[PDB]
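Just below is one structure, and these are the notes that go with it.
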Amino acid sequence: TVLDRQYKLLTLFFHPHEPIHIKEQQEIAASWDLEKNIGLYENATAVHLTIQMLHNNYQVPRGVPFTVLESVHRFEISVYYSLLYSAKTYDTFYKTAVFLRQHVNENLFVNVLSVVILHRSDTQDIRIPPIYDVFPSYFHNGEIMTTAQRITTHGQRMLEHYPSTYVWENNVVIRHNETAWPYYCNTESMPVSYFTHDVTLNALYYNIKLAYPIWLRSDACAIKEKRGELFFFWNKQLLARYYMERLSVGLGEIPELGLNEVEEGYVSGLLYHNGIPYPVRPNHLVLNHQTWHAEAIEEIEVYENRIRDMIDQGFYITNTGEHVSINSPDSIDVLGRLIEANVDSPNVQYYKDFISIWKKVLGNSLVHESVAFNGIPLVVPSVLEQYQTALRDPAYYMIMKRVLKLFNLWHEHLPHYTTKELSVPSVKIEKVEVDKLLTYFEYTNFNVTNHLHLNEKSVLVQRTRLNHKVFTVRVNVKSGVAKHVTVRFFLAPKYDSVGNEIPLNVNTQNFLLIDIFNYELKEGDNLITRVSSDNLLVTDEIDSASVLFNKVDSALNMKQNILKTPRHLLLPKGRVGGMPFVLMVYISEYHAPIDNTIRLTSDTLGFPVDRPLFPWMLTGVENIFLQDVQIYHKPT
Amino acid sequence: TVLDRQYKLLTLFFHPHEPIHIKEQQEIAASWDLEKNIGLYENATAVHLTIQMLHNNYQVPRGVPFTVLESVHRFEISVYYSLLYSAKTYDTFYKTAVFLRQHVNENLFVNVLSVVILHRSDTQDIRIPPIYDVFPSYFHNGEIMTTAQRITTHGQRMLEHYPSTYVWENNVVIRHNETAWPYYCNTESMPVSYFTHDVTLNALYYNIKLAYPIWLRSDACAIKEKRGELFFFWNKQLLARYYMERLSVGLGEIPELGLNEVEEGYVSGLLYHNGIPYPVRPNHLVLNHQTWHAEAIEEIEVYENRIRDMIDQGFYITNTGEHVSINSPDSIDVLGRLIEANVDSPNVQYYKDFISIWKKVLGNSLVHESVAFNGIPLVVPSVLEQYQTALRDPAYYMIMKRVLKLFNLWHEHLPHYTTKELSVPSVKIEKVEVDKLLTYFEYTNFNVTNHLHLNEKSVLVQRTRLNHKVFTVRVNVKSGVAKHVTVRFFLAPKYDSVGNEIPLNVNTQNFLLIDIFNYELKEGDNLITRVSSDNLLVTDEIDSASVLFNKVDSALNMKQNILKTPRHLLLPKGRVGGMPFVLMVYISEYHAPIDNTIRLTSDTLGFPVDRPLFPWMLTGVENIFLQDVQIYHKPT
Amino acid sequence: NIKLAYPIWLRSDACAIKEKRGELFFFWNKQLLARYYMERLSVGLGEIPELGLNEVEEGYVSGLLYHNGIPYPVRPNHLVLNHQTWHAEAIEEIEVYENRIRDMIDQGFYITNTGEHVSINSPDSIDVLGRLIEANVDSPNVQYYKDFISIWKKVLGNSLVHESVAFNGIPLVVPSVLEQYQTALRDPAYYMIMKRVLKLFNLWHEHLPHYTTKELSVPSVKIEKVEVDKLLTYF
Ligand SMILES: *[C@@H]1O[C@H](CO)[C@@H](O[C@@H]2O[C@H](CO)[C@@H](O[C@@H]3O[C@H](CO[C@H]4O[C@H](CO[C@H]5O[C@H](CO)[C@@H](O)[C@H](O)[C@@H]5O)[C@@H](O)[C@H](O[C@H]5O[C@H](CO)[C@@H](O)[C@H](O)[C@@H]5O)[C@@H]4O)[C@@H](O)[C@H](O[C@H]4O[C@H](CO)[C@@H](O)[C@H](O)[C@@H]4O[C@H]4O[C@H](CO)[C@@H](O)[C@H](O)[C@@H]4O[C@H]4O[C@H](CO)[C@@H](O)[C@H](O)[C@@H]4O)[C@@H]3O)[C@H](O)[C@H]2NC(C)=O)[C@H](O)[C@H]1NC(C)=O
Ligand SMILES: *[C@@H]1O[C@H](CO)[C@@H](O[C@@H]2O[C@H](CO)[C@@H](O[C@@H]3O[C@H](CO[C@H]4O[C@H](CO[C@H]5O[C@H](CO)[C@@H](O)[C@H](O)[C@@H]5O)[C@@H](O)[C@H](O[C@H]5O[C@H](CO)[C@@H](O)[C@H](O)[C@@H]5O)[C@@H]4O)[C@@H](O)[C@H](O[C@H]4O[C@H](CO)[C@@H](O)[C@H](O)[C@@H]4O[C@H]4O[C@H](CO)[C@@H](O)[C@H](O)[C@@H]4O[C@H]4O[C@H](CO)[C@@H](O)[C@H](O)[C@@H]4O)[C@@H]3O)[C@H](O)[C@H]2NC(C)=O)[C@H](O)[C@H]1NC(C)=O
Ligand SMILES: *[C@@H]1O[C@H](CO)[C@@H](O[C@@H]2O[C@H](CO)[C@@H](O[C@@H]3O[C@H](CO[C@H]4O[C@H](CO[C@H]5O[C@H](CO)[C@@H](O)[C@H](O)[C@@H]5O)[C@@H](O)[C@H](O[C@H]5O[C@H](CO)[C@@H](O)[C@H](O)[C@@H]5O)[C@@H]4O)[C@@H](O)[C@H](O[C@H]4O[C@H](CO)[C@@H](O)[C@H](O)[C@@H]4O[C@H]4O[C@H](CO)[C@@H](O)[C@H](O)[C@@H]4O[C@H]4O[C@H](CO)[C@@H](O)[C@H](O)[C@@H]4O)[C@@H]3O)[C@H](O)[C@H]2NC(C)=O)[C@H](O)[C@H]1NC(C)=O
Ligand SMILES: *[C@@H]1O[C@H](CO)[C@@H](O[C@@H]2O[C@H](CO)[C@@H](O)[C@H](O)[C@H]2NC(C)=O)[C@H](O)[C@H]1NC(C)=O
Ligand SMILES: *[C@@H]1O[C@H](CO)[C@@H](O[C@@H]2O[C@H](CO)[C@@H](O)[C@H](O)[C@H]2NC(C)=O)[C@H](O)[C@H]1NC(C)=O
Ligand SMILES: [Cu+2]
Ligand SMILES: [Cu+2]
Ligand SMILES: [Cu+2]
Ligand SMILES: [Cu+2]
Ligand SMILES: [Cu+2]
């Protein structure tokens, strides 16, 4: 019965903005009544709250932007999640989903239903469609969407007048985004536009926040996920990759964010479904004038000073006034939880969310204090207030760099690793060599037909993306005696924006983990010959909505999880003629430990680059090797 | 043959963005060739230039915003106007118009064809459609246009799901703009949004600049128009009306524009045809930082200092170095021409256009120095760079207030009027009384069907506008002996934003001329009983494109000229309970003096309020009377 | 050596009068700035920064020492020019002089020492234009058209003026790198100032009529193909 259930849940994601077209779903929406069917829900309080909200009309109006950073939106989405998750039977769950689809905003319903499907036992096999297919308007420029609407409604008669559009195959018409948006931010935004505007990266951020919502309290499974450590590690990896891209395109180090003025602005060029332009941050934005920006920055400074005091003093304050030490090396998780100010933080009243205030300030979304129903505020969020568009703005990377400065301060106070924790007896690496590192640009097609308001075709968008050829890394190692070992590869830049070789201690923060795997080392001489195509950290493209629908309706793979980095974004572009980089191979013992499942050997994720490392403490540690490589770009 | 010619010229304005659909026009476009038909054009140089431009493709690309402030755009539009105007026969003119419609940008073609029709003898009867019907996208928000597209393409099946839209009559569907755009500039922009965003006002500005393009040199007819005096008078009238509106809504005096920072920003909420959002000026914009704004402001300061020096020294410098005096009272025209820096200015090389630089600076249109054909720059103009959207921004009023400060400086140097120039023998005004002054808001419908890309309905937009009830002004006057006299009425505010009564000398700059007419005064007692419905200065609404098309195809009025203020914008709103104003009745002798035709008694348009006036010099002048009135607003 | 050949304090003779001093000045400055921009693009530094009248972001530390052993003046980063300092007065004088030059360029004539107007609208007036901009001893009127480039150099050298004099006479000065021709080119501020002067020159050239197809064409001479063997550079 998997196929039919998946088909129905897909039909729930066919046209969010438009109303229900399938008749029996209308019958269910008109027939079901929560009041009399309270007995089928475990959480009766959620049922009462939902009934009250739906009766008083105290809900976010339909056809309006939705943001989780607003309090009332969080309350509404949490209540709906509690109601949906408390469904005893799958039938009750589906019937509540239909009713909410009828009586709930599109974005909120999609998000809550996806979260419920991911975290429900009865729906551990259902596959949810990609976000960039349900709402294409968050990943393509407004001109593209308007042209799509025109070419569709024209009946493809004036389409042949358009030279940009073309018919690649029957029933599909494709455009070019190569020639468009001549007006753009420029500054530091254009050279890295092939990485920051990538659809897959924003989709990955959205899916990550689907797996770990800020408004959802962890269960036994989510309590072993080490939420804070994942936050820190993922932010570090993203910032290291972004810095590598900037060095590749010659833009320099990530600008440091102050408290007086921000020089770089952002113009999104995106449009909401209704047609409201996004807020724009001007260049040379002033933060020390008579504006709400000043008050927001003062609150941000207070909260960050509280975090700094907690880090330095070595303990945090409970909600009653007790001191809880965080000086042990295993307190990184609670530190991250406190910094994030999620619902799992011990004390959110004193440790508040300054990152959201940073996002509000640097989004320059004019607060007009407008409310509907004498209730829910009406907000026009900027790109930074949406996880599916935040990564397009450099300000996000600047803010995360500040948070990573806080994290580095905390890690600095920790004792440095010893020659016993960081050494494996009688394992010496001889030589490490990669076959080649080449990158090239290629074309890809995305389906944006779900935005078209069909009455009674399939428009696609062509985009340019980076990719790399398969590469093999071969290392020879002395093994001493037989062992079961783990090998980790790290990649870092070798020269900074000016030309001086970066010391290893500084590079410790710029090392990007690209592969980790097990091996059984024999006695004597060995050979590791890892191929990039075998790594499980990076995955291939997930099947599109159309492909999944075809494979389902016509009637598995475990190499496509929503919480993995796309393969084509693993390797930096480099330069034509070669760009130098540093590879680091580290071998350690194997210390023995589907929607949201990731686990490796029990140890800090960034080991051994989480703490600062110095050359003088690597003498006597032979199982770590630092080689130099060159990354090339194939021009086309 | 008027009807058929008008029908064809209307068909030339049916779908600018879309290509030619009528077959014989395609045949003409494919058959006509300028090279062999040079003999039918008087200006052969224009023919050669047009041929060269069309062969080299050195022209503005189609489907791109067009602005006259750019040099190459001016050159192209001037060349096309020269080509069209040099058509010996009407047939040649129409055949060139079709060819250009086929091979020219939409906005440029519409503008040039309208100008040619207005200034051509063979087309002095043709009536051109309103601008707000040809390009509705410049007068309504992007959300409205997107909703229109959706309701049209949906086949009016999901339209009935929309509660906003409704069917007022057969074949027409109407919306509401009352509930939309909750995100808005606020500050000083919302309380006067009913006046600054009025469609008729922007259309009036566009038609005025159609009558007097900056790139067209005047002929005998246009040389008697006193271009500079018209510029000054119209700007003064607009600023006085805007100040009256601000006082009515309690916003205060027009802010003074400096050279360091502009506090008030603007968000248009408009979208171009393709779907590119308009530039946004942030609040508290800084002009004294390391930006191109500083250089632009320095050039502006240099040019304005040149103007100030020319005004103070009493003479202007010719292109050879000669001094030409401007100290006479009849030099206002050349002064205005110099300030405007039009093609009729004596010396544009030394006296340059600083107002355009002000518009560029305060539009905050990011210059990205992008060019097509290795030629024509690509520009995304702001609202201030288009005459059909400039009036929506307060910065325009601030800039015009600065220019009016320059004009007031010039007028101050002139000698004050005497008791002989300002007096009429034996004519004493006894009493002046108006019956009532009431204002109310009403609904109106605009047709935006021409934007819809119909394949193989008629959507309308409902807007709220101000209007007034008919009022009668009755004055009793002693006449002495029989005479033929002219009576002028002026309206001004009585109290400023704080509460002090404004002295007459300051109010001289705030007097708005509302009526001027002739009369024959008898001997003894007389009675003037003017009714607002008789004034010819203000006109009624012009027939829409649909109405004109119906009246033409089915098969005159002279009270509808494109260069007259709409009647409903004549009177300030006032306040509920009454707002005090000052009326001034002035009687003078009758000194004896269709597309663009306006002439009155030979005298300065702003007489006697062009020069400063003082109470002590009005003793002995009995033919001028100052009464007080109250304007009321009917709330609904 | 160039300033040895054409000193600002030496009046030209028959030989130096055929040298077209102003045109040489303009051409050499343009060539230097084009080469510098090519170098910047080669090393990925971007376009030459535009010099304003409020603040200069880039500073300079020479690292040089005079014969006696006095360190050179240092310009700090983010130097402020709109505060209560002599920099403001110097910048005001610079602005006045540059506005005088702009007015002379736009009006089409220059003012003599007596008050006469001399036209500069012909294409062969580039030499006198350069002489006026340089304010050398060969300029027609140095009293009205003064040397603003020297004031720019003084301002951007940040040489602290201490008003010290010897013999009750000759001032004692510690010049910066910009005040010496043998060290001026080490500072980007020089290139910025010359870019401003070249903006003035480009304004003047823009007012000139564009070349025609008769001045710019040679009858019956068509170029087929151009090819270079190789372009390689090494340290
Ligand atoms: C079915 O559906 C419903 C609806 O969908 C779901 O209901 C939600 O359920 C969750 C979980 O139960 C609730 O969250 C918790 O709520 C309680 C109660 O908060 C309410 O009352 C507060 C006022 O009383 C509190 O303060 C007064 C003094 O002023 C005090 O006398 C009283 O005893 C009590 O402490 C309100 O303040 C509060 O909301 C107000 O304040 C908020 C904060 O400023 C503000 O945001 C609100 O807008 C409003 O202004 C609310 O009305 C909370 O006590 C509890 O708080 C814990 O977690 C937060 C972080 O999320 C943390 O900051 C707190 O310090 C506290 O942390 C303790 O518990 C954590 C786990 O919950 C634990 O991880 C911490 O370590 C800590 O516990 C450990 O340490 C502490 C000492 O630090 C120790 O005492 C403990 O024993 C332990 O050792 C949560 O916020 C939602 O409120 C509720 N929502 C609704 C709408 O119903 C329901 O979950 C669904 N059920 C099922 C089965 O699915
Ligand atoms: C058929 O089609 C064609 C194409 O559609 C139409 O052609 C257009 O026709 C108009 C009108 O004829 C032209 O405008 C006039 O152009 C002339 C010539 O300008 C050209 O040449 C300039 C260079 O030569 C000038 O300077 C040199 C020195 O450097 C000097 O030696 C030479 O004698 C001459 O003076 C170029 O500079 C100029 O363009 C360049 O410069 C522009 C300005 O910076 C710049 O914008 C350009 O981009 C380019 O860089 C061009 O190539 C102009 O002389 C004439 O200028 C008058 O008007 C302007 C204001 O518009 C004003 O500033 C000038 O000072 C001058 O004013 C005198 O004439 C006015 C009337 O024209 C008059 O109102 C003024 O009072 C003044 O006249 C009185 O006072 C003066 C003293 O101040 C005195 O001398 C007079 O005798 C009199 O007493 C116009 O700009 C278009 O150029 C032309 N365009 C094209 C593409 O062909 C044609 O009209 C159509 N024909 C028909 C029948 O329909
Ligand atoms: C042997 O050794 C000695 C020492 O080594 C050498 O002596 C040097 O020789 C040179 C060349 O002769 C001198 O330069 C010229 O000096 C004269 C005189 O200037 C002195 O007097 C001025 C005051 O009198 C002036 O103003 C009053 C009104 O106030 C007026 O009534 C009077 O008639 C006269 O006009 C002083 O102001 C001046 O110094 C003061 O002012 C300076 C400027 O502010 C200031 O710097 C000083 O610090 C001081 O404050 C001085 O004491 C100048 O008249 C002459 O000026 C010309 O050149 C300059 C640019 O260098 C230009 O600005 C002037 O406008 C003027 O330009 C005319 O002549 C140019 C050629 O000389 C020519 O190119 C111009 O086109 C122009 O000529 C043409 O147009 C004009 C109209 O514009 C027209 O009248 C002409 O007929 C013609 O058509 C020079 O500065 C040195 O002063 C002198 N130095 C010393 C220490 O002796 C000597 O050269 C050696 N001899 C040999 C054979 O080798
Ligand atoms: C893009 O996605 C749409 C679904 O949003 C696809 O629509 C399908 O088109 C095929 C055409 O043969 C139909 O048989 C299916 O029934 C359609 N499905 C739905 C849900 O409408 C469309 O084919 C996709 N196009 C591409 C190129 O992937
Ligand atoms: C709005 O304007 C359009 C033209 O842009 C009008 O279209 C006309 O509609 C009538 C309907 O009976 C047709 O007979 C005409 O042939 C149409 N003209 C064109 C040029 O298409 C439309 O009627 C107008 N609607 C309103 C309410 O004024
Ligand atoms: Cu969408
Ligand atoms: Cu700044
Ligand atoms: Cu339009
Ligand atoms: Cu401010
Ligand atoms: Cu600074």
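Starting from 1 in every chain, residues are counted up; chains themselves are A, B, ... following the order of the structure tokens, and ligands are numbered from 1 as listed.
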Excluding range 189-199 of chain C and residues on its chain fewer than 6 positions from it, collect all residues at most 9 Å away from it, counting only C-alpha atoms, and give them as a list in words. residues 26, 29, 30, 32, 33, 36, 48, 49, 50, 51, 56, 58, 59, 60, 133, 149, 152, 153, 156, 157 and 178 of chain C
May I have the residues from that selection written out with N, CA, C and O atoms, as a compact mmCIF listing (two decimals), in the first residue's frame?
# COMPACT_ATOMS: atom_id res chain seq x y z
N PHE C 26 50.30 65.26 -20.98
CA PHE C 26 49.07 64.48 -21.08
C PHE C 26 49.35 63.06 -21.56
O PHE C 26 48.87 62.09 -20.97
N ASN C 29 51.28 60.92 -18.92
CA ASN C 29 50.41 60.54 -17.81
C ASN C 29 49.42 59.46 -18.23
O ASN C 29 49.18 58.50 -17.49
N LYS C 30 48.83 59.60 -19.42
CA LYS C 30 47.89 58.60 -19.91
C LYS C 30 48.57 57.24 -20.06
O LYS C 30 48.01 56.21 -19.68
N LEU C 32 51.27 56.11 -18.51
CA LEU C 32 51.59 55.56 -17.20
C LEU C 32 50.35 54.98 -16.53
O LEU C 32 50.39 53.89 -15.96
N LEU C 33 49.22 55.71 -16.59
CA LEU C 33 48.01 55.22 -15.96
C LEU C 33 47.47 53.97 -16.65
O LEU C 33 46.98 53.06 -15.97
N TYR C 36 49.66 51.11 -15.49
CA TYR C 36 49.36 50.78 -14.11
C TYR C 36 48.06 50.00 -14.00
O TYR C 36 47.96 49.04 -13.23
N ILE C 48 41.53 51.50 -10.78
CA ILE C 48 42.20 52.50 -9.94
C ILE C 48 41.15 53.19 -9.07
O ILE C 48 40.14 53.69 -9.61
N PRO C 49 41.32 53.25 -7.75
CA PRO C 49 40.31 53.91 -6.92
C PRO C 49 40.13 55.37 -7.31
O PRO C 49 41.08 56.06 -7.67
N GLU C 50 38.88 55.83 -7.22
CA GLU C 50 38.55 57.22 -7.53
C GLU C 50 38.77 58.07 -6.28
O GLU C 50 38.34 57.69 -5.18
N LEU C 51 39.43 59.21 -6.46
CA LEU C 51 39.77 60.09 -5.35
C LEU C 51 38.64 61.08 -5.10
O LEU C 51 38.20 61.78 -6.02
N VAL C 56 40.35 59.36 2.29
CA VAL C 56 41.18 58.46 1.49
C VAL C 56 41.40 57.19 2.30
O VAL C 56 41.93 57.24 3.42
N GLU C 58 43.17 54.24 1.39
CA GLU C 58 44.47 53.58 1.31
C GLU C 58 45.58 54.50 1.78
O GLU C 58 45.69 55.64 1.33
N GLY C 59 46.40 54.00 2.70
CA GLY C 59 47.57 54.70 3.19
C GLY C 59 48.85 54.16 2.56
O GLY C 59 48.83 53.30 1.68
N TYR C 60 49.97 54.70 3.02
CA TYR C 60 51.27 54.30 2.50
C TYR C 60 52.33 54.44 3.57
O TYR C 60 52.40 55.46 4.26
N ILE C 133 47.07 73.58 -16.91
CA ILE C 133 46.79 72.64 -15.84
C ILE C 133 48.03 72.42 -14.98
O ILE C 133 47.94 72.29 -13.75
N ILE C 149 47.79 70.50 -8.17
CA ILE C 149 48.39 69.18 -8.06
C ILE C 149 49.41 69.15 -6.93
O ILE C 149 49.53 68.16 -6.19
N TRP C 152 47.49 68.85 -3.80
CA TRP C 152 47.08 67.46 -3.63
C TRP C 152 48.22 66.62 -3.08
O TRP C 152 48.02 65.80 -2.18
N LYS C 153 49.43 66.80 -3.63
CA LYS C 153 50.58 66.04 -3.15
C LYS C 153 50.88 66.36 -1.69
O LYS C 153 51.16 65.45 -0.90
N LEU C 156 48.08 64.65 0.50
CA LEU C 156 48.14 63.19 0.56
C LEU C 156 49.50 62.67 0.99
O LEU C 156 49.65 61.45 1.16
N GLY C 157 50.50 63.54 1.16
CA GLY C 157 51.75 63.12 1.78
C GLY C 157 51.71 63.13 3.29
O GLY C 157 52.54 62.46 3.92
N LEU C 178 55.60 61.70 -2.19
CA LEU C 178 54.88 62.35 -3.28
C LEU C 178 55.48 63.68 -3.69
O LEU C 178 55.22 64.14 -4.81
Near-ligand residues for ligand 7, threshold 9 Å, only C-alpha atoms and all ligand atoms, as a ChimeraX atom specification: /A:261-263,283-286 /B:286,288-291
Dump as a PDB file, in the first residue's frame, selection limited to C-alpha atoms:
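As a result, out.pdb now contains:
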ATOM      1  CA  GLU A 261      28.260  50.221   9.057  1.00  0.00           C
ATOM      2  CA  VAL A 262      27.917  47.483   6.434  1.00  0.00           C
ATOM      3  CA  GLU A 263      29.486  48.342   3.082  1.00  0.00           C
ATOM      4  CA  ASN A 283      25.409  49.805   0.054  1.00  0.00           C
ATOM      5  CA  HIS A 284      27.109  51.562   2.975  1.00  0.00           C
ATOM      6  CA  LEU A 285      24.200  50.948   5.338  1.00  0.00           C
ATOM      7  CA  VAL A 286      24.509  53.060   8.496  1.00  0.00           C
TER       8      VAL A 286
ATOM      9  CA  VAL B 286      24.321  59.422   2.707  1.00  0.00           C
ATOM     10  CA  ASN B 288      29.175  62.566   1.567  1.00  0.00           C
ATOM     11  CA  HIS B 289      30.848  59.137   1.459  1.00  0.00           C
ATOM     12  CA  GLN B 290      33.110  57.332  -1.024  1.00  0.00           C
ATOM     13  CA  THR B 291      30.445  56.895  -3.692  1.00  0.00           C
TER      14      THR B 291
END
With 12 Å as the limit and counting only C-alpha atoms, what residues in chain C lie close to chain B? Please list them as JSON, numbers by chain. {"C": [49, 50, 51, 52, 53, 54, 55, 56, 57, 78, 80, 81, 82, 95, 96, 98, 99, 100, 101, 102, 103, 104, 105, 106, 107, 108, 109, 110, 111, 115, 116, 117, 118, 119, 120, 121, 196, 199, 203, 204, 206, 207, 208]}
Let me see if you get this right: every residue at most 10 Å from ligand 6, counting only C-alpha atoms and all ligand atoms, written as a compact mmCIF listing (two decimals) with N, CA, C and O atoms, in the first residue's frame.
# COMPACT_ATOMS: atom_id res chain seq x y z
N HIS A 15 -0.68 21.63 -6.28
CA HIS A 15 -0.91 23.06 -6.53
C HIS A 15 -1.25 23.73 -5.21
O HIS A 15 -2.42 23.87 -4.84
N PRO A 16 -0.23 24.18 -4.46
CA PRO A 16 -0.50 24.81 -3.16
C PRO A 16 -1.34 26.07 -3.27
O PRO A 16 -2.36 26.20 -2.58
N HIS A 17 -0.92 27.00 -4.13
CA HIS A 17 -1.62 28.28 -4.21
C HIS A 17 -3.07 28.11 -4.65
O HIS A 17 -3.97 28.74 -4.10
N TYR A 132 12.41 22.99 -4.40
CA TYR A 132 12.53 23.87 -5.56
C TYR A 132 11.55 23.51 -6.67
O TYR A 132 11.46 24.26 -7.65
N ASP A 133 10.83 22.40 -6.55
CA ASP A 133 9.76 22.07 -7.49
C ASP A 133 8.39 22.52 -7.00
O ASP A 133 7.55 22.89 -7.82
N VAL A 134 8.15 22.49 -5.69
CA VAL A 134 6.86 22.92 -5.16
C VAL A 134 6.70 24.43 -5.29
O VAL A 134 5.64 24.93 -5.68
N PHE A 135 7.76 25.18 -4.97
CA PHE A 135 7.74 26.64 -5.01
C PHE A 135 8.93 27.13 -5.82
O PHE A 135 9.94 27.56 -5.26
N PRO A 136 8.85 27.07 -7.15
CA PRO A 136 9.97 27.52 -7.98
C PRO A 136 10.28 29.01 -7.84
O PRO A 136 11.39 29.43 -8.19
N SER A 137 9.34 29.81 -7.34
CA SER A 137 9.52 31.25 -7.29
C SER A 137 10.62 31.68 -6.33
O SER A 137 11.05 32.84 -6.40
N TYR A 138 11.09 30.80 -5.46
CA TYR A 138 12.15 31.13 -4.51
C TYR A 138 13.54 30.81 -5.04
O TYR A 138 14.52 31.03 -4.33
N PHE A 139 13.66 30.31 -6.27
CA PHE A 139 14.94 29.90 -6.82
C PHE A 139 15.22 30.45 -8.21
O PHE A 139 16.30 30.18 -8.75
N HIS A 140 14.30 31.20 -8.80
CA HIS A 140 14.50 31.79 -10.12
C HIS A 140 14.05 33.24 -10.10
O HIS A 140 13.19 33.63 -9.30
N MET A 145 10.02 33.83 -14.35
CA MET A 145 8.67 33.36 -14.04
C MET A 145 7.62 34.08 -14.88
O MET A 145 6.66 33.45 -15.34
N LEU A 271 10.91 37.66 -6.81
CA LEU A 271 9.56 38.13 -6.61
C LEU A 271 8.74 37.05 -5.89
O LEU A 271 8.90 35.86 -6.16
N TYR A 272 7.87 37.49 -4.99
CA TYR A 272 6.97 36.58 -4.32
C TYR A 272 5.88 36.12 -5.27
O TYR A 272 5.70 36.65 -6.37
N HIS A 273 5.13 35.09 -4.84
CA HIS A 273 4.08 34.54 -5.69
C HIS A 273 3.09 35.61 -6.11
O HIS A 273 2.71 35.70 -7.29
N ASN A 274 2.64 36.43 -5.16
CA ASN A 274 1.68 37.48 -5.50
C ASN A 274 2.30 38.53 -6.41
O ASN A 274 1.61 39.06 -7.29
N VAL A 448 9.76 24.10 -13.57
CA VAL A 448 9.06 25.17 -12.87
C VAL A 448 7.61 25.22 -13.34
O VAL A 448 6.97 26.27 -13.30
N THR A 449 7.09 24.07 -13.78
CA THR A 449 5.71 24.01 -14.24
C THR A 449 4.71 24.17 -13.10
O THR A 449 3.56 24.57 -13.35
N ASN A 450 5.11 23.88 -11.86
CA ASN A 450 4.16 23.92 -10.76
C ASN A 450 3.74 25.34 -10.39
O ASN A 450 2.73 25.50 -9.71
N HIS A 451 4.49 26.35 -10.82
CA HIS A 451 4.10 27.74 -10.61
C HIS A 451 3.03 28.18 -11.60
O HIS A 451 2.18 29.01 -11.26
N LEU A 452 3.07 27.65 -12.82
CA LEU A 452 2.10 28.03 -13.84
C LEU A 452 0.68 27.71 -13.39
O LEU A 452 0.40 26.60 -12.91
N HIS A 453 -0.22 28.67 -13.56
CA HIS A 453 -1.64 28.48 -13.24
C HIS A 453 -2.36 27.94 -14.48
O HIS A 453 -3.04 28.66 -15.22
Using only C-alpha atoms, which residues sit within 8 Å of residue 115 in chain A once same-chain residues fewer than 2 positions away are excluded, as an MDAnalysis selection string? chainID A and resid 81 111:113 117:119 210:211
